[PDB]
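Q: give me the fold of what follows.
(chains A, B and C)
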Amino acid sequence: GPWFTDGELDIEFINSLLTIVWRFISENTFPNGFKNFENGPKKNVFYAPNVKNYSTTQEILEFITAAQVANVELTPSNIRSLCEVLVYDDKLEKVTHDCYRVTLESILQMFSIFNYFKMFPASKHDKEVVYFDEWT
Amino acid sequence: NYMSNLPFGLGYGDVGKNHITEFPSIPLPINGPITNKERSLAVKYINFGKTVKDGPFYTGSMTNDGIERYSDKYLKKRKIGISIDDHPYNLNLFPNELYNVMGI
Amino acid sequence: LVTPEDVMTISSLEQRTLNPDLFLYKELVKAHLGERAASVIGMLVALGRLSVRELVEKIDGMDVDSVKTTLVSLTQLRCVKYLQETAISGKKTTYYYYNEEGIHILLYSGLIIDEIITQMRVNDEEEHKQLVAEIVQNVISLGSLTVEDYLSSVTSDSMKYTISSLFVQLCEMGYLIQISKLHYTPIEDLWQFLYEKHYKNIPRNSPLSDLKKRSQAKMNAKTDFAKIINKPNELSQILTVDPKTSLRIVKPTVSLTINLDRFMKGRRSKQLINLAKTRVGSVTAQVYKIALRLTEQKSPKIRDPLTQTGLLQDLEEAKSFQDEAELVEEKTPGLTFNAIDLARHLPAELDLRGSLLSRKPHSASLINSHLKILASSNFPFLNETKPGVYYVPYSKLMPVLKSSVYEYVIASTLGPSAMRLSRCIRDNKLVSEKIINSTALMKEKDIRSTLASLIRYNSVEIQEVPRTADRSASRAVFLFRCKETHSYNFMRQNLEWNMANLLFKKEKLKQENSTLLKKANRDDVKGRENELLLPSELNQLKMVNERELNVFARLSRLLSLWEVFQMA
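A: Numbering: from 1, shown residues only, chains lettered A, B, ... in the order given. Take a look at the structure below.
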């Protein structure tokens, strides 16, 4: 496929493909997408359990076909390969029947371990600093 | 002669210096800004330990003149420490060998 | 170029060779009790089982009385376990273990009293906060704090009535458990003492064989050991007695010692709540805070019911203990709650009106909706046995929680492509040099750079594929493996060593600032520190005080990382 190109894996190209597949899921899963998270954590709305908020591979294929962002046709196996590539990096969750969900993507983009972007290093020449590789 | 073993992904400039960084450096994000709750945790922490050291549970210690100054006569005692045997304890939770140190 | 004299002083190389298990506890006892106590505990850690004479002949303190006093101090501090094993053909001498969970009391002390303060339903009264803080501080600093001592201590009766009032509540939460012989003896030795009586209770010439007598002995041992651990793990017999024309009272004779099991259950619930806050928006995350708050009180054992540390797990048919743990998890009816049960404990602040949207006032139907989304969520927070009532499982949530927290610590340490390769090697089992390219599709350069940077830890395993009979990894391509066990092992060691580094730093700062600290911690000086102090000295005191505050903040922020790897 187009991923193979000149013996190189198209750093600026595959990165751009990986950042469009989860974006639709972020605006298709929530009742308001990401603007539901713009009013604050204490004002967002969540869908009922019975509703089918999950996304199927057919709708994602229709997106990736109508958008014309890659200029290349995609096999269903190719879209499955893309979403297997991006299932990592904390992008999309695995649930049965090839469906996806995001939980803290907006918090990531904008001790409470699972988000450290609100906690900055010591940023000083002081002492008592901790390093994860000091023991090895 | 061991000088020609070089992978194509490895150049010549990098090798030779070695010597490593003196301490490995990865700034851990557990040193974030302090809040009032964190300052309170620090304060209660320093109260603790200090409480057990000002108490009778030190057991850590390993002007000593044989002649007493008259200033030392009718002078205040430092502190009448509560001995380890002085504080009551429960015999059912201490071994028999530890009973002798205690005041029965 | 750095000098060898320059390193090993500001580099802390010589502290890298101490085992973190010994270094951490040695440093803790050094900070809290004293250097003789710390030396004794270090000898106990290095030599797991030894008697008093072993201490005399190993520690430079060649004195029976001094060792006796230090050992009794450590035993009072719940930092030492003891046993009396009898040699029939002569004289018996008692041996000495070291208490592992006991030292967490002094270590977790700050988090302990903080959860005590913030956990009470009625905390808005300042005087009550101070009373509960002082009482729990006295209990953790003294060990077995006792009513016959404290009531005699307090000089006015009306403030003595409140002390007994708080005791019954504090025991019902489990924060004050009755100490006994079960809290000073090793688990394997208890299991053996309950395994050798039953091997001795069988009369001879029974038609059953060795296998059947072994099975009956082991099941009887399991049942009576379970009874003996269940009786004192949760009880109210000390609180049962009620005198005439008086309120409910505890036994004043018994010694009340602070527990750790329910507090650490609360700490696990708190970390799961923070996980939910990081995972789900605050509208329906707010309801999850009190959702686990009604099960944490009677929550099951976190890692091992102490039936897995006292004996070999199993050789053949080894799934039985996981099966029985999940059997208890599903058989407990108290833990399971319905929506009607939860509505009686929901705070008035939370509305639960806009928390749902069916299509693209404390109502049990809407609480049921959050409970259903929780049960059907990707992480198994709840499992449904019957419609409307579910429960929190631990036979399938602990592995995913450990994998998530470990893998995200790798996320916080290493970079994005390293996170990607970690995720790939986790989800795709037994990756290879071509499978990484087939399942990654990013730049191999950064892929193998971060891979090599990650080989250092116990994260991934390296395999060898011998193309011939003899094994050379330079002749043939080799593939990878996961072995998540070693990865979980590393997160223990590294975190405890970093902790011990924190305590070493603070205690060394104390050792170089002891005169100023002693001048500070004087009764008349306390509260008056800007008048009777020279300028440079007082400014230095502020700098060192804030430095200690920073080290304590770092300690507390690290204190949310090792317990989650301290599970099973």
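Q: please make it C-alpha for all contacts and neighbour counts, starting now.
A: Fine.
Q: who does residue C:85 form a beta bridge with?
A: Beta-bridge partners recorded for residue C:85 (DSSP bridges): residue C:93.
Q: what strand or helix carries residue C:545?
A: Using DSSP states H and E, residue C:545 sits within helix C:535-558.
Q: what helices and strands are in contact with that helix?
A: helix B:36-54, helix C:484-512 (3 or more CA pairs under 8 Å, 6 or more residues apart in numbering or on different chains; DSSP states H and E).
Q: now the spatially most central residue of chain A: how far from residue A:82?
A: Centroid check for chain A by CA atoms, centre = their mean gives residue A:91 as the closest residue, at 2.8 Å. Distance, residue A:91 to residue A:82, using CA to CA, to the nearest Å: 12 Å.
Q: which helix runs longest in chain A?
A: helix A:11-28 (DSSP state H).
Q: return the list of helices and strands in contact with whichever helix or strand comes after it.
A: Note on helix A:11-28: by DSSP H and E, the next helix or strand toward the C-terminus is helix A:57-66. Here helix A:57-66 touches helix A:76-85, going by 3+ CA pairs under 8 Å, 6+ apart.
Q: against which helices or strands is the helix it packs on packed?
A: Applying 3+ CA pairs under 8 Å, 6+ apart, we find helix A:76-85 packed against helix A:57-66, helix C:435-440.
Q: got the angle for that helix vs helix A:57-66?
A: Relative orientation of helix A:76-85 and helix A:57-66, computed by axes from the mean of the first three to the mean of the last three CA atoms, to 10 degrees: 100 degrees.
Q: and the residue of the stretch 201-350 of chain C found nearest chain B, what does it touch?
A: Closest to chain B within the stretch 201-350 of chain C is residue C:255: 7.4 Å, counting by CA to the nearest CA. Residues near residue C:255 by CA atoms under 8 Å, 6 or more residues apart in numbering or on different chains: B:90, C:144-147, C:178-179.
Q: now do the SS call for the residue nearest to the centre of chain A.
A: Secondary structure, DSSP: H, G, I helix; E, B strand; the rest coil: residue A:91 is coil.
Q: state the distance from it to residue C:239.
A: 53 Å.
Q: tally of neighbours for residue 52?
A: Using chain A here. 11 (other CA atoms under 10 Å in any protein chain shown).
Q: I was after chain B.
A: 18.
Q: spatially nearest residue to it (excluding sequence neighbours)?
A: Of all residues not flanking residue B:52 in the chain, residue C:141 sits nearest, at 5.7 Å (CA to CA, 6 or more residues apart in numbering or on different chains).
Q: and that neighbour, what element?
A: helix C:126-142.
Q: which residue comes closest to residue C:199 once chain neighbours are left out?
A: Using CA to CA, 6+ apart, the closest residue to residue C:199 is residue C:217 (6.3 Å).
Q: would you check that the one you found makes contact with residue C:192?
A: No - in this structure, residue C:217 is not within contact of residue C:192 by CA atoms under 8 Å, at 11.6 Å.
Q: with neighbour numbers in mind, choose between the two.
A: Comparing residue C:217 with residue C:192 by other CA under 10 Å, the one with more neighbours is residue C:217, at 20 against 14.
Q: which members of the contacts of residue C:255 are classed as buried?
A: With burial judged by 16 or more other CA atoms under 10 Å in any protein chain shown, the buried subset of these is C:144-147, C:178-179.
Q: keep only those residues that also lie close to chain A.
A: When CA under 8 Å from any CA of the partner chain is applied, no member of the buried ones among the contacts of residue C:255 is adjacent to chain A.
Q: flag every residue of the stretch 51-200 of chain C that's near chain A.
A: Counting by CA under 8 Å from any CA, no residue of the stretch 51-200 of chain C sits close to chain A.
Q: which stretches in the stretch 51-200 of chain C count as strands?
A: Secondary structure of the stretch 51-200 of chain C (DSSP state E, counting those that start in this stretch): strands at C:82-85, C:93-96, C:144-146, C:176-178.
Q: quick one: which of the ones you listed is nearest residue C:411?
A: The closest of the strands of the stretch 51-200 of chain C to residue C:411 is strand C:176-178. By CA to CA, the value is 39.0 Å.
Q: for that closest one, name the packing helices and strands.
A: So strand C:176-178, by 3+ CA pairs under 8 Å, 6+ apart, packs with helix C:157-172, helix C:210-233, strand C:255-258.
Q: neighbouring contacts of that strand?
A: For strand C:176-178, the surrounding residues in contact (CA under 8 Å, 6+ apart) are C:167, C:170-171, C:232-234, C:238, C:254-259.
Q: please compute how far that strand lies from its chain's middle.
A: Computed by CA atoms, centre = their mean, to the nearest Å, the chain-centroid distance of strand C:176-178 equals 18 Å.
Q: kindly report the same for stretch C:317-331.
A: Mean-position distance between stretch C:317-331 and its chain equals 23 Å (CA atoms, centre = their mean).
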